[PDB]
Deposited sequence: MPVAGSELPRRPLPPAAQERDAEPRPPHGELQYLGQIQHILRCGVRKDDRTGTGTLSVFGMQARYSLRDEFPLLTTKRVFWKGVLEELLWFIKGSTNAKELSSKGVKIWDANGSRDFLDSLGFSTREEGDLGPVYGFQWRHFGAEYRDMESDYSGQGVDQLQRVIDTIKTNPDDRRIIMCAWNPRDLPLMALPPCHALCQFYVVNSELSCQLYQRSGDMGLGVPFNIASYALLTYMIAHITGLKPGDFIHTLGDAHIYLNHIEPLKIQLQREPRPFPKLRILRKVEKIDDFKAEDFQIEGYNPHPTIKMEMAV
């Protein structure tokens, strides 16, 4: 079967050829297509794109930072990759709780969406509601009951854990490759602690767009041939999602094309 990365490259090509001009929130232009989806297998391989070197270090370190529930930018930068407000970390572990400061103790406050997902998987794997949501902090004060930016739906069958990420919008050049790796990793972690094997990672987008200044660099990435995806190994038996450490993970066989800078 065809290499998974061909879906991404195909989507980039489609946007360049059929995308419509549309400005973002800051009046910056993009080429846009509404409604996209791709499926990346997680069975014996990890979807870390190869037509450009993906910043794996930033992916892994940022995810661990989210899982910590931290809202302190210093804790992330300290890792080489500062109150940020109610960001993903806080929303994932203390959903619904009122935000104070990055030092406040939110134990038992709000809903722990993440642990709930893990709890639901081990208490009722057939459940159709294993869903986790995240908002753009910016939208919270904007209106009553603002819509989420993204949602993760997990699915279990035949001892395999799959995940579908639906994002309101997707920055195809910069954000997508990074997020494919990010959520594929989250699925690997959750599958590990729940004794399941990773299945598929489905990435679905609303406004899939390419920023004008990324067009030239993307046209070049498209000339590159994907190399077999690497493998992600967890060289340690972990029991709680909170116990994972960067050292517990090891990417193997990652042979990417040169780094590509996107403005």
Inset, instruction - Any chance you could give me the deposited-sequence numbering of all the stretches lacking C-alphas? - result: 1-25, 107-128, 311-313
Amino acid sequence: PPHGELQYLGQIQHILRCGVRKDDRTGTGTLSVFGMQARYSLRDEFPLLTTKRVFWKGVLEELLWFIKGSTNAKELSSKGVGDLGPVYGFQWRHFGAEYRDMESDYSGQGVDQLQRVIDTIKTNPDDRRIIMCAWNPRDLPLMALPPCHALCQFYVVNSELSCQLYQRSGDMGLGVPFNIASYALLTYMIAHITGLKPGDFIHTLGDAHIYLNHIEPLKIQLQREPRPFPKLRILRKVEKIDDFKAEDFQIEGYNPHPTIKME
From here on, numbers count along this sequence of modelled residues.
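Rigid core (definition): largest C-alpha set, two forms, superposition within 1.5 Å.
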Inset, instruction - Between 51-59 and 215-223, pick out the one whose C-alpha positions differ more from the shown form in 5 other deposited structures of this protein, using the rigid core for superposition. - result: 215-223
Legend entry - RMS CA shift, core-fitted in 5 other deposited structures of this protein, bigger for 17-25 or for 240-248: 17-25
Legend entry - Unmodelled in at least a third of other entries of this protein, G82: yes
Inset, instruction - Higher average CA B factor in the deposited record is what I'm after, so tell me if that's 84-92 or 113-121. - result: 84-92
Legend entry - Between the two ranges 213-221 and 232-240, the one averaging a larger CA B factor in the entry: 232-240
Inset, instruction - Among the candidates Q37, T50, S32, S70, give the one with the maximum CA B-factor reported in the record. - result: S70
Legend entry - Selection by C-alpha B-factor (highest) of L165, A184, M143, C148: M143
Inset, instruction - Sorting the chain's modelled residues by C-alpha B-factor, tell me whether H192 ends up in the lowest, middle or highest third. - result: middle
Inset, instruction - Compare the C-alpha B factor of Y106 with those of the other modelled residues in its chain, then answer lowest, middle or highest third. - result: highest
Inset, instruction - Would you mind ranking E62 by its C-alpha B-factor against the rest of the chain and naming the third, lowest, middle or highest? - result: middle
Legend entry - Ranked C-alpha temperature factor of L6 among modelled chain residues, by third: lowest
Inset, instruction - Would you mind checking where the Cα B-factor of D171 ranks among the modelled residues of its chain, as the lowest, middle or highest third? - result: lowest
